[PDB]
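Visitor: Quick one: the structure is below, questions incoming.
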There are 2 protein chains.
Amino acid sequence: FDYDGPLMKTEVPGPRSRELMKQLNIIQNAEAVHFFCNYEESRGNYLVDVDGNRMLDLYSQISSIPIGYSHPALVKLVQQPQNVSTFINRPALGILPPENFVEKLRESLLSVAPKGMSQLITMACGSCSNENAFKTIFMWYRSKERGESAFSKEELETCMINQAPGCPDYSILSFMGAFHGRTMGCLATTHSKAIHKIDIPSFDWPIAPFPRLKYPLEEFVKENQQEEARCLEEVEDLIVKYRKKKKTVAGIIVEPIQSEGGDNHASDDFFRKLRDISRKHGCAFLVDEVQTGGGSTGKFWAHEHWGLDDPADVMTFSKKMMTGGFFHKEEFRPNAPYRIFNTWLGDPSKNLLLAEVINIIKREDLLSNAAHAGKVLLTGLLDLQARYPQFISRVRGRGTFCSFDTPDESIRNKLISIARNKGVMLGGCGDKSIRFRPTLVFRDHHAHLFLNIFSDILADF
Amino acid sequence: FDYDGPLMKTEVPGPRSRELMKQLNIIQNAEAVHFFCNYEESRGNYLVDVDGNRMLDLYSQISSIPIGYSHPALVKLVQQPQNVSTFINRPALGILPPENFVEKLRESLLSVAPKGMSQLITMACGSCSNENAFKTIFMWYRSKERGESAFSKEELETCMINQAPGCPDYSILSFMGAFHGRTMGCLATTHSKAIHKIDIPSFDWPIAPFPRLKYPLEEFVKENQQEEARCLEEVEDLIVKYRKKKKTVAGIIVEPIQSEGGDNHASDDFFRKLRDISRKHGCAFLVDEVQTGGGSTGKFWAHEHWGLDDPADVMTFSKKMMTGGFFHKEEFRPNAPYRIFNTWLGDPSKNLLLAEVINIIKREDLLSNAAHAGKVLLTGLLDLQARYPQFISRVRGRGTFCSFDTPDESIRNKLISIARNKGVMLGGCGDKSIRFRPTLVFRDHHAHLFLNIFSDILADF
Ligand SMILES: Cc1ncc(COP(=O)(O)O)c(CNc2csc(C(=O)O)c2)c1O
Ligand SMILES: Cc1ncc(COP(=O)(O)O)c(CNc2csc(C(=O)O)c2)c1O
Ligand code: FES
């Protein structure tokens with residue numbers, strides 16, 4: 001369900017986008033705006049802008065569109081008279097859930113639960129997903145320390161005024177290069193770009209190095225083992241050190257592939273050993289699959305590649321999943337209500353969409369497709385790397401979750417700008433990487449279409 | 001548009017709710033669930049549950065349903081073919097807004113901008129609204145201090161690893177009794193109930209007393225003035241104290257009426273003077289209208305009662321507004337992009353609904369209606385207070401934003417439970433208060449429906 005290919009009329013942003021950008025800039029800083037879109041005319045992998053340009057979208061709204069624009073199955077959903085209520089009657093889900101709440105969850109999120117995690121709480125975005133995952137971990141850790149006993153009077157009084165022992169000085173360990181969100185808890189575990197962090201108060205929490213692999217992988221096996229081993233050791237040293245500082249690490253958060261920090265990969269071995277280190281020190285292992293989740297790596301959750309029956313304690317998600325939330329082990333279930341809570345806790349209308357999305361992913365075998373189409377894309381990227389080593393390096397990926405580096409930021413930006421005017425939307429990450437986040441209806445021939453367009457771009461560059 | 005009265009079939013929760021609650025409790029702690037709802041049959045002021053009970057809803061999903069259930073105008077929006085894309089193609093608004101983004105904002109949020117605030121950023125909930133308001137304020141304050149100097153190399157370095165000077169030790173001043181959300185920045189400014197705070201790490205930020213008025217107001221004129229004056233003094237002393245601690249107060253956050261902490265009111269004079277204190281010390285004045293905003297006090301924003309051309313620097317909202325976000329003064333506009341940002345920044349489908357909600361609020365004169373229906377409700381509560389002083393005290397309100405105290409938490413809960421079985425849904429707040437948050441289609445006759453039901457309950461209690 002889509003178009004024959006891209007179709008360009010103007011440079012991007014064109015005159016109509018620039019006019020709208022001017023208008024928007026009156027009421028807010030609109031410098032980040034790429035262009036304005038005609039979503040009504042957008043279909044599948046193709047995004048249409050207000051100047052009528054039709055572009056192959058390989059960025060998919062920062063990796064948040066699961067099965068393409070204007071998907072017919074979703075159109076049908078909105079058209080059904082029985083579904084009107086779900087769009088106009090938003091519940092305070094924590095206290096007054098709709099009749100079909102549990103059954104819709106069975107049809108969607110529960111049908112793709114990670115191994116070992118029977119519990120699920122929903123949230124509206126990745127940031128509150130992670131924030132509440134932190135809180136779940138903090139109260140679990142305190143539960144271990146206090147055992148089956150009541151809150152003390154001192155705890156109940158001091159927590160109201162932001163003081164210990166009611167408010168503990170627990171920490172969450174994160175990695176350099178990580179991105180976990182922008183609210184002030186999330187942000188403390190984020191180490192992506194200075195502009196995300198500067199001028200905002202933070203937490204003194206431990207920050208570990210994330211492995212920086214050397215490419216091609218075939219030539220640096222030993223170097224890369226040594227790099228991962230070094231990082232694992234520093235993780236353990238940090239845990240020990242912060243326990244001594246009386247800032248006990250209650251949890252470790254990591255992405256299976258670091259996105260905003262520059263598509264940084266690491267071996268499955270690294271993550272298995274990281275999981276073990278976490279368990280060994282009594283740390284909750286929190287896997288952030290807000291961006292890797294939803295199938296683009298070839299399996300529904302990227303951590304599935306690790307092949308563990310006990311992959312993690314908590315796993316957050318959002319973006320492609322339409323709603324946010326987190327799965328977790330039964331032992332992390334809050335002991336009392338109103339500790340993990342907010343007004344909306346997601347939105348049943350997003351669950352409605354998600355059930356149909358998961359139905360499409362399964363019926364059309366889109367996990368296999370992502371593996372296959374991703375192989376085609378990565379193969380082509382390796383070929384272009386060979387042919388253009390002065391522009392392309394560190395080609396890397398899993399499924400369609402691929403990326404490469406350019407010599408510098410200006411070349412990176414120029415390549416994105418040229419590709420866009422040629423009908424292909426690409427994302428950047430880090431200071432000089434280009435990344436791919438195609439929707440799940442991205443096929444072989446889209447990979448070939450991109451590769452052939454980019455090939456001629458490089459030839460003329 | 002509405003039913004004509006409650007109709008009860010069973011106890012609440014009834015057998016079908018209890019069954020669904022048992023199912024949900026398998027996958028998560030479901031102890032907060034009141035009952036399960038049939039939103040398809042709910043209409044106007046009435047919530048229908050899965051056991052067929054029809055209740056007059058005076059709690060409105062924690063004050064978040066603006067013009068009642070299944071409003072025919074919202075029904076017709078979802079039925080329009082041209083609106084289908086808005087519900088199934090959700091954009092990364094910060095980079096790729098839809099063509100109609102600015103116009104739909106003109107039809108909705110911009111048409112009710114607070115005085116003096118030309119800027120608007122949208123967010124998906126109250127918590128990230130407040131979080132990003134804090135961040136806007138921190139960046140503004142730092143910008144004041146560094147003048148036209150650029151980011152120092154040291155700041156750019158240290159901010160990446162959660163260290164000063166890149167991460168300043170700025171504080172937000174908040175009030176005892178406040179509720180501003182659940183994410184870790186918000187939570188530090190929240191001082192509502194211990195169960196919201198316990199076992200979660202916090203910030204050492206200043207906490208001021210919020211005035212506790214004495215009732216009847218007419219008999220405590222001098223006392224209430226002195227109480228408010230005392231609280232103002234303690235605020236100013238805190239700002240000074242924390243400047244010395246090198247934890248400079250960059251902003252002050254306050255609710256025009258404290259909700260979760262027990263519907264605590266203060267005079268318009270108090271807030272005007274608090275605003276003056278904020279400006280005097282160069283603190284941003286942040287008004288949280290997430291719960292007071294959207295008309296139930298008789299004015300669209302509760303701070304409008306204060307009568308100021310310059311009521312605040314930043315004002316956050318959510319709930320009735322369908323979307324969250326914050327308005328702010330031009331001088332608080334972020335200097336660079338990607339500092340206030342996240343994946344979705346709200347949802348255009350909420351803006352679509354909100355434009356129609358605001359149209360209805362204006363055409364049906366619902367601000368004035370809330371002032372009237374609220375006066376009728378308050379008058380009846382005062383009658384019940386006079387007749388039942390063993391149970392009812394401190395009756396108070398503005399518009400339909402009303403409340404009263406009971407003798408203890410046990411009685412508070414019993415009255416709510418009995419009212420519900422008698423066909424009226426009430427909310428609690430604080431330790432022993434009962435509150436009202438009726439939808440904006442709550443009329444004087446609904447006030448009398450409630451009052452007659454509750455009169456009978458009190459006579460038999
Ligand atoms: C791994 C990971 N964890 C958490 C988040 C936060 O999700 P949202 O709060 O934006 O929904 C994200 C969101 N992605 C994202 C990429 S850049 C953008 C930003 O805020 O600048 C946000 C994520 O990729
Ligand atoms: C004045 C005020 N400020 C901020 C918020 C946070 O909004 P949400 O994050 O819940 O959307 C709220 C939300 N209201 C609310 C009432 S109790 C509930 C909770 O989390 O327990 C949340 C609010 O009333
Ligand atoms: S923090 Fe997730 S929607 Fe506001």
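Convention: chains lettered A, B, ... in structure tokens order; per-chain residue numbering from 1; ligands numbered from 1 as shown.
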Going by DSSP on the backbone, which bits of stretch 146-310 of chain A are strand (DSSP E)? Write them as a VMD selection string, please.
Guide: chain A and resid 171 to 175 207 to 208 249 to 254 284 to 288
Visitor: Export N, CA and C atoms of the chosen residues as a PDB file, in the first residue's frame?
Guide:
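Printed below is result.pdb as written:
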```pdb
ATOM      1  N   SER A 171      21.141   5.511  43.636  1.00  0.00           N
ATOM      2  CA  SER A 171      21.535   5.955  42.308  1.00  0.00           C
ATOM      3  C   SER A 171      21.107   4.950  41.255  1.00  0.00           C
ATOM      4  N   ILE A 172      21.051   5.412  40.010  1.00  0.00           N
ATOM      5  CA  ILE A 172      20.892   4.552  38.850  1.00  0.00           C
ATOM      6  C   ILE A 172      22.157   4.717  38.017  1.00  0.00           C
ATOM      7  N   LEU A 173      22.783   3.607  37.645  1.00  0.00           N
ATOM      8  CA  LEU A 173      23.997   3.670  36.834  1.00  0.00           C
ATOM      9  C   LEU A 173      23.629   3.725  35.354  1.00  0.00           C
ATOM     10  N   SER A 174      24.270   4.637  34.627  1.00  0.00           N
ATOM     11  CA  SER A 174      24.017   4.791  33.199  1.00  0.00           C
ATOM     12  C   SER A 174      25.332   4.801  32.442  1.00  0.00           C
ATOM     13  N   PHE A 175      25.248   4.830  31.118  1.00  0.00           N
ATOM     14  CA  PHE A 175      26.445   4.795  30.281  1.00  0.00           C
ATOM     15  C   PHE A 175      26.660   6.101  29.526  1.00  0.00           C
ATOM     16  N   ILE A 207      28.493   6.966  36.075  1.00  0.00           N
ATOM     17  CA  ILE A 207      28.443   6.938  34.621  1.00  0.00           C
ATOM     18  C   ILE A 207      29.567   6.064  34.061  1.00  0.00           C
ATOM     19  N   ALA A 208      29.191   4.950  33.449  1.00  0.00           N
ATOM     20  CA  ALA A 208      30.151   3.973  32.945  1.00  0.00           C
ATOM     21  C   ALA A 208      30.434   4.179  31.458  1.00  0.00           C
ATOM     22  N   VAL A 249      23.803   1.881  44.201  1.00  0.00           N
ATOM     23  CA  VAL A 249      23.221   1.681  42.877  1.00  0.00           C
ATOM     24  C   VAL A 249      22.087   0.670  42.946  1.00  0.00           C
ATOM     25  N   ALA A 250      20.849   1.146  42.810  1.00  0.00           N
ATOM     26  CA  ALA A 250      19.688   0.268  42.886  1.00  0.00           C
ATOM     27  C   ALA A 250      19.403  -0.361  41.544  1.00  0.00           C
ATOM     28  N   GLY A 251      19.893   0.279  40.486  1.00  0.00           N
ATOM     29  CA  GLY A 251      19.622  -0.201  39.152  1.00  0.00           C
ATOM     30  C   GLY A 251      20.623   0.250  38.110  1.00  0.00           C
ATOM     31  N   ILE A 252      20.671  -0.507  37.022  1.00  0.00           N
ATOM     32  CA  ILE A 252      21.470  -0.172  35.860  1.00  0.00           C
ATOM     33  C   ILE A 252      20.569  -0.040  34.644  1.00  0.00           C
ATOM     34  N   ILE A 253      20.667   1.079  33.936  1.00  0.00           N
ATOM     35  CA  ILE A 253      19.897   1.224  32.710  1.00  0.00           C
ATOM     36  C   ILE A 253      20.823   1.265  31.491  1.00  0.00           C
ATOM     37  N   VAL A 254      20.430   0.556  30.439  1.00  0.00           N
ATOM     38  CA  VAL A 254      21.190   0.539  29.186  1.00  0.00           C
ATOM     39  C   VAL A 254      20.261   0.336  27.989  1.00  0.00           C
ATOM     40  N   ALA A 284      18.894  -3.883  39.927  1.00  0.00           N
ATOM     41  CA  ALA A 284      17.878  -4.157  38.927  1.00  0.00           C
ATOM     42  C   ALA A 284      18.463  -3.853  37.562  1.00  0.00           C
ATOM     43  N   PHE A 285      18.202  -4.727  36.605  1.00  0.00           N
ATOM     44  CA  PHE A 285      18.689  -4.501  35.251  1.00  0.00           C
ATOM     45  C   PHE A 285      17.544  -3.964  34.404  1.00  0.00           C
ATOM     46  N   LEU A 286      17.651  -2.686  34.055  1.00  0.00           N
ATOM     47  CA  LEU A 286      16.642  -1.968  33.282  1.00  0.00           C
ATOM     48  C   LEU A 286      17.077  -1.804  31.824  1.00  0.00           C
ATOM     49  N   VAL A 287      16.373  -2.464  30.910  1.00  0.00           N
ATOM     50  CA  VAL A 287      16.682  -2.346  29.482  1.00  0.00           C
ATOM     51  C   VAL A 287      15.738  -1.338  28.820  1.00  0.00           C
ATOM     52  N   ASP A 288      16.298  -0.299  28.202  1.00  0.00           N
ATOM     53  CA  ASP A 288      15.501   0.740  27.529  1.00  0.00           C
ATOM     54  C   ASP A 288      15.318   0.366  26.067  1.00  0.00           C
TER      55      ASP A 288
END
```
Visitor: List every residue of stretch 254-415 of chain A that DSSP, applied to the backbone of this structure, places in alpha helix (DSSP H), and write the result as a ChimeraX atom specification.
Guide: /A:268-280,348-363,366-387,409-415
Visitor: Could the residues of chain B that have an atom at most 7 Å from ligand 1 be listed as JSON lines, each with its closest atom pair and the distance in Å to one decimal, counting only C-alpha atoms and all ligand atoms and ordered by chain and ascending residue number?
Guide:
```
{"residue": "B:338", "atom": "CA", "partner": "ligand 1", "partner_atom_place_in_ligand_line": "21 (O)", "distance": 6.0}
{"residue": "B:341", "atom": "CA", "partner": "ligand 1", "partner_atom_place_in_ligand_line": "20 (O)", "distance": 4.9}
{"residue": "B:342", "atom": "CA", "partner": "ligand 1", "partner_atom_place_in_ligand_line": "20 (O)", "distance": 3.4}
{"residue": "B:343", "atom": "CA", "partner": "ligand 1", "partner_atom_place_in_ligand_line": "10 (O)", "distance": 3.7}
{"residue": "B:344", "atom": "CA", "partner": "ligand 1", "partner_atom_place_in_ligand_line": "11 (O)", "distance": 6.2}
```
Visitor: Find the residues near ligand 2. Use a cut-off of 7 Å, count only C-alpha atoms and all ligand atoms, and write them as a PyMOL selection string.
Guide: (chain A and resi 338+341-344) or (chain B and resi 62+125-128+130+179-182+255+259-260+288-291+318-319)
Visitor: Could you work out how far atom CA of residue B:145 lies from atom CA of residue A:24, giving the answer in Å with one decimal?
Guide: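 We find that atom CA of residue A:24 and atom CA of residue B:145 lie 28.5 Å from each other.
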Visitor: One decimal, Å: what's the distance from atom CA of residue B:346 over to atom CA of residue B:323, could you say?
Guide: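 Computing the Euclidean distance for atom CA of residue B:346 and atom CA of residue B:323 yields 6.1 Å.
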Visitor: If we count only C-alpha atoms, what is near residue A:386 at a cut-off of 12 Å, once residues fewer than 6 positions away on the same chain are taken out, given as a PyMOL selection string?
Guide: chain A and resi 216+379-380+392-395+455
